[PDB]
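Structure first, commentary second.
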Amino acid sequence: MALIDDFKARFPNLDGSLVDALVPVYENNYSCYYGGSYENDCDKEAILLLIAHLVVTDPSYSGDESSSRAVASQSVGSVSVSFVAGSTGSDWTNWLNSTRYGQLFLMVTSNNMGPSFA
Amino acid sequence: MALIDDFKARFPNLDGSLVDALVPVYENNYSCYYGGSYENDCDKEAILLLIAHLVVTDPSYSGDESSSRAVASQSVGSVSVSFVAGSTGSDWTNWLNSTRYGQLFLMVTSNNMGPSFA
Amino acid sequence: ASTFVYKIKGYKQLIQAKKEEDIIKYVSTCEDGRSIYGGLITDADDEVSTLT
Amino acid sequence: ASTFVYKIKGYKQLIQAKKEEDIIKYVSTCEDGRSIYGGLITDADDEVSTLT
Amino acid sequence: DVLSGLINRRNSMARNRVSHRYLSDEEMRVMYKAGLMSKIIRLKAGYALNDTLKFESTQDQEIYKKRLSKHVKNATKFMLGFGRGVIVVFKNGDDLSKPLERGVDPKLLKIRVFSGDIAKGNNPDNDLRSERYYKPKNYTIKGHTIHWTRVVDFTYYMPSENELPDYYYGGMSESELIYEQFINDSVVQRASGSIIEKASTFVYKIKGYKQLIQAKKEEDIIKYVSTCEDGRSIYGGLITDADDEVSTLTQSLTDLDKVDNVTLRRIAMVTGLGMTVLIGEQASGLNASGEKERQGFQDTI
Amino acid sequence: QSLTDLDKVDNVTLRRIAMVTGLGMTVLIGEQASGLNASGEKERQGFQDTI
Amino acid sequence: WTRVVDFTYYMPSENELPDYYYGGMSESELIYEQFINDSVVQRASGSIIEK
Amino acid sequence: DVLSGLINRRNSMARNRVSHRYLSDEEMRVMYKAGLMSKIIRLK
Amino acid sequence: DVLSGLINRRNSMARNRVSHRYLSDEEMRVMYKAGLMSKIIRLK
């Protein structure tokens, strides 16, 4: 399969070598972040979005050893915003709302929700 | 079908090449963001609005790697507003309220609401 | 003797925008089968109640 | 006489995005077996209730 | 009892007018098979014919009994089941036309019995001359046809003449009398069985299962619950979380007995059998011997 | 958790079986001593009509 | 035919007699609504106490 | 008694078909020892 | 009475098979002393 190649096209803006030396890492273990299958074409989009998330917020990429979760109110100099709250109290959603790519990941997959096994 | 062409007319203001190199991507997988059909003419408007949302907030377009969700109170310099709250605690609504095109998407489709399968 | 009630958020607006055709249709299909055997599906902001 | 109710958060949106096919399927499979023997699995924000 | 408001319109008086269902022949067939009315038809027919026949012909005592008194019982069952029981008699030679009663057939004849399903009535003379609008003049039992005086008709409770053809000239199945009932009781009963399996459902309101399904990596939590449910008993306490919440929901037919009561009361009425028989406490006062117990409903019979 | 109406449904189901089979309710419950017996004086009369 | 003696129970209408293959009706067919229901009542009855 | 919904499928009618256990000989042995049926067998 | 779910497995049918205890002779001794069966044995 061509995950490294399919990834490069779907996100032409990340970087070159930096994404080339990290995707072969998260490719190894995405299968136990998101239990999807790389067929079912738009599930493939979900995998790419997650892999993209795992590479944009990997410290070997942005040099950000600290964590990375969603911002509820950011203020810079003389410009300030307060994002309307949503689905608070869940690190998983907060972690992926840290970057745009993760935000899509909740939400290509936001339709799989439901109860099970009663 | 002419999604790329129907899109260009309905939103003559986005960009040229930038929308030309991204719509052929989100065209692939909009069908599992919004389960509508491209017939039922004003449902077609819903698809375009969503596709437009997915392209305006795609990082390859605005260069905004961070997420993009609705602002509840923004302050810039000496001008400040606080938007009256609405339908808080839902990332889906917040995500699409980030841009105008998404705001329409909730709302061309806000009439489909109801319970089912009792 | 007892009336099922779909206190539904937003039905304020749907009637007000007079595009309330679909929500009635879904409820009509939903009521067409509301039984011991199939559980309702409604929303957190929704509230189903019964009045006697 | 009694209707099981899945007050489910986000089903607001799933119908609204008309991609509500999967949640109905899971509930249909879930109701296909809801018994004394298998406990429901739902969410903190979820709320299962029963109306008589 | 009507004034000063809109009460006039919404009461049970004008909010609904009366109408009666005409259950089809195929539906009439099904109820004959169904267990409930199967006893209804069997009970009422037996209570009518079981050693209750005064014979004024002691000589050749009850030659009726050993030959066709059993044919009639299946036929009078077909009365109640379909509204039309039929006995067909003809000589050794099949004939469309009338039996030669110039010399009345001296037991050189065969016997048939037919349900109202395959049997039916066809031809009424609208004139008042021979047999009024009631009595047919010739009707088909099958592909064949049988003369009127050939055939003996077990006709049940008949409606008004203006609509007699809709029952095809004779009787009314008890089903048509209790179609309101058998459907209702069946509804009572089918729901009765399925309520217990859902009488109480254990619920794992689990925080984060929002996401686990959403990330479709929800395989492990189902496995743990399946192992956990495989042993949830009085003997081992659950282990869950502060943010978790285990609860139990009960659903049950709150008025199962009341509705099952109302439905059974009416069937006792319309069929004429007592309430005790439908409940099944036949020992009390509804029995065979007519001293006092068969007197319980002998008037209906 | 417990079957809140176990007796009611078990009641309804047993009532019908007494009907359709023709045997009394007492036999299904198992209180055969009361009035459903062998000797036909009065007890077998309980359902002898069905037989 | 004249060799064999047939113990035929309650028979349905002729239009469907072949579906029972020419004779009678098991009590089960009369109470299949019942035996399933009671069994459901009872199987659930045993397992409710342990939970 | 079946129409206009999915009631047709989830009722006790079709949700389960009938089947009977064949308890093994060794299990047949154990109940002969067990107190309850011991009186059953003895009484009858 | 078994279909369409995992009801088949968790009911009292298959969740437990039958077995009978063999109380030892020393335990058999103790109950002979115990008050309850002491009347049982004496009465019968």
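Residues in the structure tokens are numbered from 1 in each chain, the chains being A, B, ... in the order shown, and ligands are numbered from 1 in the order shown.
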
Would you mind listing what lies within 8 Å of region 23-40 of chain H as a VMD selection string, with only C-alpha atoms counted and same-chain residues fewer than 5 positions away left out?
chain I and resid 18 to 20

Write out as a VMD selection string every residue belonging to chain B that has an atom at most 7 Å from any atom of chain A, counting only C-alpha atoms.
chain B and resid 29 32 to 33 60 65 to 77 88 to 91

Write out the residues from the selection above, keeping N, CA, C and O atoms, as a compact mmCIF listing (two decimals), in the first residue's frame.
```
# COMPACT_ATOMS: atom_id res chain seq x y z
N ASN B 29 -15.10 12.64 -0.65
CA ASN B 29 -15.58 12.13 0.62
C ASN B 29 -16.65 12.98 1.29
O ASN B 29 -16.91 12.79 2.49
N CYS B 32 -19.78 11.13 3.12
CA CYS B 32 -19.85 10.68 4.50
C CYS B 32 -19.53 11.80 5.49
O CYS B 32 -19.08 11.53 6.61
N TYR B 33 -19.76 13.05 5.10
CA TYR B 33 -20.03 14.13 6.03
C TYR B 33 -21.52 14.41 6.12
O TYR B 33 -22.07 14.55 7.22
N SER B 60 -4.59 23.91 3.54
CA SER B 60 -3.92 24.23 2.29
C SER B 60 -4.46 25.49 1.64
O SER B 60 -4.00 25.84 0.55
N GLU B 65 -3.10 25.96 10.37
CA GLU B 65 -3.00 24.59 10.86
C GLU B 65 -3.86 24.37 12.09
O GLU B 65 -4.30 23.24 12.34
N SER B 66 -4.11 25.41 12.87
CA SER B 66 -4.95 25.26 14.05
C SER B 66 -6.37 24.92 13.64
O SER B 66 -6.75 24.97 12.47
N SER B 67 -7.19 24.59 14.64
CA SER B 67 -8.58 24.28 14.38
C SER B 67 -9.33 25.53 13.96
O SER B 67 -8.76 26.62 13.84
N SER B 68 -10.62 25.38 13.72
CA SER B 68 -11.44 26.52 13.33
C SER B 68 -12.86 26.24 13.80
O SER B 68 -13.58 25.47 13.16
N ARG B 69 -13.24 26.84 14.91
CA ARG B 69 -14.59 26.73 15.43
C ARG B 69 -15.10 28.11 15.81
O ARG B 69 -14.35 29.08 15.86
N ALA B 70 -16.40 28.18 16.09
CA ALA B 70 -17.07 29.47 16.21
C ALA B 70 -16.49 30.28 17.36
O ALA B 70 -16.05 29.75 18.37
N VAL B 71 -16.51 31.59 17.18
CA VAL B 71 -16.00 32.53 18.17
C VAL B 71 -17.18 33.04 18.98
O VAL B 71 -18.20 33.46 18.42
N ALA B 72 -17.06 32.98 20.31
CA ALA B 72 -18.11 33.47 21.18
C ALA B 72 -17.90 34.90 21.61
O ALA B 72 -18.87 35.61 21.90
N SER B 73 -16.66 35.35 21.69
CA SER B 73 -16.37 36.73 22.04
C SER B 73 -15.00 37.07 21.48
O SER B 73 -13.99 36.57 21.99
N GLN B 74 -14.96 37.91 20.46
CA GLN B 74 -13.71 38.33 19.84
C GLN B 74 -13.49 39.80 20.14
O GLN B 74 -14.43 40.60 20.14
N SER B 75 -12.24 40.16 20.39
CA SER B 75 -11.86 41.53 20.68
C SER B 75 -10.61 41.86 19.88
O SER B 75 -9.61 41.14 19.98
N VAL B 76 -10.66 42.93 19.10
CA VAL B 76 -9.54 43.35 18.27
C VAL B 76 -9.28 44.81 18.56
O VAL B 76 -10.13 45.66 18.27
N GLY B 77 -8.11 45.12 19.09
CA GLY B 77 -7.76 46.50 19.36
C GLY B 77 -8.76 47.17 20.26
O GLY B 77 -8.84 46.86 21.45
N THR B 88 -24.88 25.66 22.51
CA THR B 88 -23.54 25.38 22.99
C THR B 88 -23.36 23.88 23.21
O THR B 88 -24.31 23.09 23.16
N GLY B 89 -22.12 23.49 23.47
CA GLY B 89 -21.81 22.10 23.76
C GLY B 89 -22.04 21.15 22.61
O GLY B 89 -22.66 20.09 22.80
N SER B 90 -21.58 21.50 21.42
CA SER B 90 -21.65 20.58 20.28
C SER B 90 -20.60 20.99 19.27
O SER B 90 -20.75 22.03 18.62
N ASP B 91 -19.56 20.17 19.11
CA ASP B 91 -18.48 20.53 18.20
C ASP B 91 -18.96 20.63 16.77
O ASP B 91 -18.49 21.50 16.02
```

For region 251-261 of chain E: contacts at 10 Å, only C-alpha atoms, fewer than 4 positions along chain excluded, given as an mmCIF file with N, CA and C atoms, in the first residue's frame:
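File written: around_22.cif
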```cif
data_model
loop_
_atom_site.group_PDB
_atom_site.id
_atom_site.type_symbol
_atom_site.label_atom_id
_atom_site.label_comp_id
_atom_site.auth_asym_id
_atom_site.auth_seq_id
_atom_site.Cartn_x
_atom_site.Cartn_y
_atom_site.Cartn_z
ATOM 1 N N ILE C 36 -43.310 -1.373 22.534
ATOM 2 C CA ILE C 36 -42.394 -1.900 23.530
ATOM 3 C C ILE C 36 -41.099 -2.334 22.873
ATOM 4 N N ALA D 1 -47.567 0.776 26.137
ATOM 5 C CA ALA D 1 -47.586 0.867 27.592
ATOM 6 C C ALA D 1 -46.285 1.423 28.140
ATOM 7 N N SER D 2 -45.174 1.185 27.455
ATOM 8 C CA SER D 2 -43.892 1.699 27.910
ATOM 9 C C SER D 2 -42.957 1.765 26.720
ATOM 10 N N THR D 3 -42.346 2.920 26.510
ATOM 11 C CA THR D 3 -41.465 3.133 25.377
ATOM 12 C C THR D 3 -40.065 3.420 25.878
ATOM 13 N N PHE D 4 -39.107 2.616 25.447
ATOM 14 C CA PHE D 4 -37.711 2.863 25.760
ATOM 15 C C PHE D 4 -37.252 4.076 24.966
ATOM 16 N N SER D 49 -34.009 6.498 29.358
ATOM 17 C CA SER D 49 -35.129 6.624 30.272
ATOM 18 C C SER D 49 -36.288 5.811 29.730
ATOM 19 N N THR D 50 -37.288 5.601 30.574
ATOM 20 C CA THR D 50 -38.464 4.859 30.161
ATOM 21 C C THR D 50 -39.709 5.643 30.536
ATOM 22 N N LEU D 51 -40.662 5.696 29.615
ATOM 23 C CA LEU D 51 -41.905 6.423 29.801
ATOM 24 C C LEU D 51 -43.054 5.442 29.722
ATOM 25 N N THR D 52 -43.978 5.537 30.663
ATOM 26 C CA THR D 52 -45.160 4.698 30.648
ATOM 27 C C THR D 52 -46.396 5.552 30.436
ATOM 28 N N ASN E 184 -57.494 -7.864 19.515
ATOM 29 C CA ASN E 184 -57.080 -7.180 20.734
ATOM 30 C C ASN E 184 -56.385 -8.137 21.688
ATOM 31 N N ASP E 185 -57.001 -9.290 21.949
ATOM 32 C CA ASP E 185 -56.388 -10.263 22.843
ATOM 33 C C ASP E 185 -55.041 -10.724 22.321
ATOM 34 N N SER E 186 -54.953 -11.003 21.023
ATOM 35 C CA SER E 186 -53.668 -11.373 20.448
ATOM 36 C C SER E 186 -52.648 -10.272 20.674
ATOM 37 N N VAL E 187 -53.060 -9.020 20.491
ATOM 38 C CA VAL E 187 -52.172 -7.901 20.784
ATOM 39 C C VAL E 187 -51.779 -7.910 22.251
ATOM 40 N N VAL E 188 -52.749 -8.136 23.136
ATOM 41 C CA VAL E 188 -52.428 -8.240 24.552
ATOM 42 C C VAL E 188 -51.382 -9.314 24.758
ATOM 43 N N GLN E 189 -51.548 -10.438 24.079
ATOM 44 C CA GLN E 189 -50.754 -11.598 24.431
ATOM 45 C C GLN E 189 -49.370 -11.545 23.806
ATOM 46 N N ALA E 191 -47.682 -8.949 23.075
ATOM 47 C CA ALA E 191 -46.928 -8.006 23.889
ATOM 48 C C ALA E 191 -46.606 -8.594 25.254
ATOM 49 N N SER E 192 -47.468 -9.471 25.767
ATOM 50 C CA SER E 192 -47.245 -10.017 27.101
ATOM 51 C C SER E 192 -45.957 -10.824 27.151
ATOM 52 N N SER E 194 -43.256 -10.604 25.204
ATOM 53 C CA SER E 194 -42.024 -9.885 24.925
ATOM 54 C C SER E 194 -41.668 -8.863 25.989
ATOM 55 N N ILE E 195 -42.566 -8.583 26.931
ATOM 56 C CA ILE E 195 -42.268 -7.554 27.919
ATOM 57 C C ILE E 195 -41.255 -8.058 28.938
ATOM 58 N N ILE E 196 -41.302 -9.350 29.273
ATOM 59 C CA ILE E 196 -40.432 -9.865 30.327
ATOM 60 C C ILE E 196 -38.974 -9.801 29.912
ATOM 61 N N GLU E 197 -38.667 -10.208 28.684
ATOM 62 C CA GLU E 197 -37.280 -10.166 28.249
ATOM 63 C C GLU E 197 -36.710 -8.763 28.301
ATOM 64 N N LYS E 198 -37.560 -7.743 28.263
ATOM 65 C CA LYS E 198 -37.119 -6.365 28.393
ATOM 66 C C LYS E 198 -37.610 -5.737 29.687
ATOM 67 N N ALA E 199 -37.932 -6.556 30.689
ATOM 68 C CA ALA E 199 -38.500 -6.024 31.920
ATOM 69 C C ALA E 199 -37.534 -5.097 32.635
ATOM 70 N N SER E 200 -36.235 -5.329 32.493
ATOM 71 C CA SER E 200 -35.249 -4.475 33.133
ATOM 72 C C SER E 200 -33.941 -4.614 32.383
ATOM 73 N N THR E 201 -33.361 -3.489 31.992
ATOM 74 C CA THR E 201 -32.132 -3.482 31.220
ATOM 75 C C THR E 201 -31.041 -2.802 32.023
ATOM 76 N N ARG E 265 -63.661 -10.251 29.023
ATOM 77 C CA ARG E 265 -65.055 -10.081 29.418
ATOM 78 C C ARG E 265 -65.960 -10.086 28.197
ATOM 79 N N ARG E 266 -65.588 -9.323 27.173
ATOM 80 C CA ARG E 266 -66.435 -9.217 25.994
ATOM 81 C C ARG E 266 -66.563 -10.545 25.266
ATOM 82 N N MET E 275 -67.379 -16.261 31.712
ATOM 83 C CA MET E 275 -66.043 -15.729 31.947
ATOM 84 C C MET E 275 -65.120 -16.814 32.479
ATOM 85 N N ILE E 279 -61.029 -17.666 31.361
ATOM 86 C CA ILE E 279 -59.967 -17.718 32.358
ATOM 87 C C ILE E 279 -59.398 -19.116 32.501
ATOM 88 N N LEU F 3 -37.992 -8.740 37.284
ATOM 89 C CA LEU F 3 -39.176 -8.764 36.437
ATOM 90 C C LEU F 3 -40.347 -8.237 37.250
ATOM 91 N N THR F 4 -40.722 -6.982 37.003
ATOM 92 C CA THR F 4 -41.738 -6.339 37.828
ATOM 93 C C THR F 4 -43.098 -6.992 37.663
ATOM 94 N N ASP F 5 -43.379 -7.551 36.493
ATOM 95 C CA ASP F 5 -44.677 -8.169 36.275
ATOM 96 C C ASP F 5 -44.518 -9.612 35.832
ATOM 97 N N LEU F 6 -43.641 -10.345 36.513
ATOM 98 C CA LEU F 6 -43.460 -11.755 36.203
ATOM 99 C C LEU F 6 -44.738 -12.537 36.457
ATOM 100 N N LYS F 8 -47.882 -11.444 36.488
ATOM 101 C CA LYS F 8 -48.966 -11.081 35.582
ATOM 102 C C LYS F 8 -48.847 -11.818 34.256
ATOM 103 N N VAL F 9 -47.676 -11.749 33.626
ATOM 104 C CA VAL F 9 -47.499 -12.399 32.334
ATOM 105 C C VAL F 9 -47.580 -13.909 32.476
ATOM 106 N N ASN F 11 -49.305 -15.311 34.600
ATOM 107 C CA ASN F 11 -50.731 -15.543 34.773
ATOM 108 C C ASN F 11 -51.431 -15.598 33.420
ATOM 109 N N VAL F 12 -51.212 -14.585 32.577
ATOM 110 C CA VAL F 12 -51.917 -14.510 31.299
ATOM 111 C C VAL F 12 -51.607 -15.722 30.437
#
```

Separating CA of residue 1 (chain A) from CA of residue 28 (chain A), to the nearest tenth of an Å, is a gap of 12.9 Å

Please report, as a PyMOL selection string, each residue of region 18-111 of chain B to which DSSP assigns strand (DSSP E) when run on this structure's backbone.
chain B and resi 71-76+79-82

Serialized selection, C-alpha atoms, as a PDB file, in the first residue's frame:
```
ATOM      1  CA  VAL B  71     -16.002  32.530  18.169  1.00  0.00           C
ATOM      2  CA  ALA B  72     -18.115  33.474  21.177  1.00  0.00           C
ATOM      3  CA  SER B  73     -16.365  36.730  22.037  1.00  0.00           C
ATOM      4  CA  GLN B  74     -13.715  38.333  19.844  1.00  0.00           C
ATOM      5  CA  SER B  75     -11.860  41.533  20.678  1.00  0.00           C
ATOM      6  CA  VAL B  76      -9.539  43.351  18.274  1.00  0.00           C
ATOM      7  CA  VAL B  79     -13.498  47.030  18.945  1.00  0.00           C
ATOM      8  CA  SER B  80     -15.036  44.116  20.820  1.00  0.00           C
ATOM      9  CA  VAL B  81     -18.141  41.983  20.425  1.00  0.00           C
ATOM     10  CA  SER B  82     -19.712  39.136  22.374  1.00  0.00           C
TER      11      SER B  82
END
```

Would you please give, as a list in words, all residues of chain C that DSSP assigns to helix (DSSP H, G or I) based on the backbone?
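DSSP-assigned helix (DSSP H, G or I) residues in chain C: residues 11, 12, 13, 14, 15, 16, 21, 22, 23, 24, 25, 26, 27, 28, 29, 30 and 31 of chain C.
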